[PDB]
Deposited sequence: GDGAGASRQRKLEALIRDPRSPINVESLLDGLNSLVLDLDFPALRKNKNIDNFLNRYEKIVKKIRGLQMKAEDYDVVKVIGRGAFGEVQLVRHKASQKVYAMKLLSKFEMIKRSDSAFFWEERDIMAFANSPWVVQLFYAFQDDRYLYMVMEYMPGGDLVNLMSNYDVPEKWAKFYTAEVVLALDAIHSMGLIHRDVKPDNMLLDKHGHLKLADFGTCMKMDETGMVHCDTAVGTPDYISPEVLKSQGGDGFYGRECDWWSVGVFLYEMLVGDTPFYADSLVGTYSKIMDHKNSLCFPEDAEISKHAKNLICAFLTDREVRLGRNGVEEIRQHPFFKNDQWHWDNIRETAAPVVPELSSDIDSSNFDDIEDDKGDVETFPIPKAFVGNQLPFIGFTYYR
């Protein structure tokens, strides 16, 4: 039949919401939401659960789960969970596994952010994005098994090394190509910073933490929770108070803040309080001054000022090409088409497959209540499971 080929095409497609893994999540979520002593007083619910008792226990055994991975060490912490350095028990392969608590996401009213984060890492097929091999879930958490990045974040690098300009040219250029890939996918990052810039086994850049990512409207804009204030742009610091819009330019601001921090040493709009940091970002024409002691070229000064302006005249409105032709980026080391295949400034010297010397030691769990009626706490997480 002509309709049956169209139906089988939808189920085979991994982007589709009615794939085999998503359909299995629907069944697991339905049984998890229904299987309680109170809800089994309903005749329809009791007879359904008894039919699907044995097969759901079988599928839970066969499907991927937290018990398949040994937790080596906690390597990062966030709002709704943590990032664990893990080893798969069967294959002995090392991964970085991000956890996200379902209770905390439901409680704090933020349970849509992970969809774009899963899709960016799973489906970008880009060397600038951290690849997602497996996504899975249980009653408590969502899991995202990713390629481990043993070189560590760019906060680690700036603390340990006094960064010269040739190194800054490299890492900025990689950030430019990384954001261009995200902008090409139809997305604004909203939270570009050294914490979200990770270094691989070879010392080359990939981006992680795509929680603040939102898909652009048809114009190239987006219309509500924010990152750290040091790297946030002034147009974002007005839109948060009542409606407001902003485009890809807000990411390019943060590249200017990033390029300032490596060369100078401190953040350009730094203050003791948070209110001071916000005020300096709004007054960026007057407050942006380069320290006289600081070792910075004229071209790098020019590029930071080109990024750190009002949105309407900023560098990166009219494509990436104007950023790429800027004289700062000229060198006799790499070109734009081959930067990721050249030798990195800092190649990590790693002692083992579970070496986390480039990550700092992380310092050290309420569940859902057993409900009276149907609440549907697992329904927002149907479709999350993914197998490469």
property: Deposited positions lacking CA coordinates; result: 1-5, 229-230, 372-375
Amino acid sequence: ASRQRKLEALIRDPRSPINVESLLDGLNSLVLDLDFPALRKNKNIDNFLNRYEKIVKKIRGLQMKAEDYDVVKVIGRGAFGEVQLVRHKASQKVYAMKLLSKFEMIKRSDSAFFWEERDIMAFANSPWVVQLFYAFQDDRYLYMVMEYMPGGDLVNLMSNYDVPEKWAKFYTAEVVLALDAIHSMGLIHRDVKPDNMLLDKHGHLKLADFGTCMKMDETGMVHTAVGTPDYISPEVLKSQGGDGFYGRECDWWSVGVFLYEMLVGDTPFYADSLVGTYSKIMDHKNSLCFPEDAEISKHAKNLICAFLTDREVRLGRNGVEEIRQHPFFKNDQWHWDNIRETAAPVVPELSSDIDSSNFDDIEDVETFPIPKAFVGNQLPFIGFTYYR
From here on, numbers count along this sequence of modelled residues.
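We call the rigid core whatever largest set of C-alpha positions still superposes within 1.5 Å between the two forms.
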property: Which of 89-97 and 293-301 lies farther from this form in 7 other deposited structures of this protein, as RMS of C-alpha positions after a rigid core fit; result: 293-301
property: Higher-deviation stretch (C-alpha RMS, rigid core fit) in 7 other deposited structures of this protein, choosing from 153-161 and 271-279; result: 271-279
property: Absent coordinates for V226 in a third or more of other compared entries; result: yes
property: Coordinates lacking for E21, a third or more of other entries; result: no
property: Of 131-139 and 102-110, the one with larger mean CA B-factor; result: 102-110
property: Given 263-271 and 226-234, the range whose Cα B-factors average higher in the PDB entry; result: 226-234
property: Identity of residue with top Cα B-factor, from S352, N338, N358, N50; result: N50
property: Where the record places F245 (Cα B-factor, split into thirds across the chain); result: highest
property: Assigned third (lowest, middle, highest) for the C-alpha B factor of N331; result: middle
property: Chain-relative CA temperature factor third for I120; result: lowest
property: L27 - Cα temperature factor, lowest/middle/highest third of chain; result: middle
property: Third of chain Cα B-factors occupied by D217; result: highest
